[PDB]
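Colleague: please find the sequence and an experimentally derived structure below.
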Amino acid sequence: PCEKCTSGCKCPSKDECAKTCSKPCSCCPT
Ligand SMILES: [Cd+2]
Ligand SMILES: [Cd+2]
Ligand SMILES: [Cd+2]
């Protein structure tokens, strides 16, 4: 979980995820 992932993240696919998560943030839709 990066900055905005140490809890709950929406990240639908990448447009909002890959943007704030330059990695497989163990919490987005992965
Ligand atoms: Cd994400
Ligand atoms: Cd993240
Ligand atoms: Cd996440």
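Modeller: Received it, and whenever you're ready, just let me know what you need. Residues are numbered from 1 along each chain as shown. Ligands and ions are numbered 1, 2, ... in the order given.

Colleague: and this structure, which of its residues are near ligand 3?
Modeller: The chain comes close to ligand 3 at residues 5, 9, 25, 27, 28, as judged by Cβ under 5 Å from the ion. For every residue, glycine as well, the C-beta is placed using N, CA and C.

Colleague: contacting residues around the closest residue to the third one other than its chain neighbours?
Modeller: Closest residue to residue 25 in three dimensions, ignoring its sequence neighbours and counting by Cβ to Cβ, 6 or more residues apart in numbering: residue 5, at 4.4 Å. Residues in contact with residue 5 (Cβ atoms under 8 Å, 6 or more residues apart in numbering) are 11, 20, 21, 25, 27, 28.

Colleague: most neighbours out of those, which is it?
Modeller: For the contacts of residue 5, counting by other Cβ atoms under 10 Å, the largest number of neighbours falls to residue 28: 23 neighbours.

Colleague: does stretch 11-19 reach ligand 2?
Modeller: No. Using Cβ under 5 Å from the ion, stretch 11-19 never reaches ligand 2; the gap is at least 6.8 Å.

Colleague: would that stretch count as contacting ligand 1?
Modeller: Yes. Counting by Cβ under 5 Å from the ion, ligand 1 is contacted by stretch 11-19 at 11, 17.

Colleague: what distance separates the start and the end of that stretch?
Modeller: End-to-end distance for stretch 11-19, by Cα to Cα, to the nearest Å: 9 Å.

Colleague: what does it rub up against?
Modeller: Residues contacting stretch 11-19 (Cβ under 8 Å, 6+ apart): 5, 9, 10, 20, 21, 25, 28, 29.

Colleague: ok, back up a step: any figure for the gap between the residue nearest to residue 25 and residue 12?
Modeller: Separation of residue 5 from residue 12 (Cβ to Cβ, to the nearest Å): 14 Å.

Colleague: and residue 29, by the same measure?
Modeller: Taking Cβ to Cβ, one finds residue 29 at 7 Å from residue 12.
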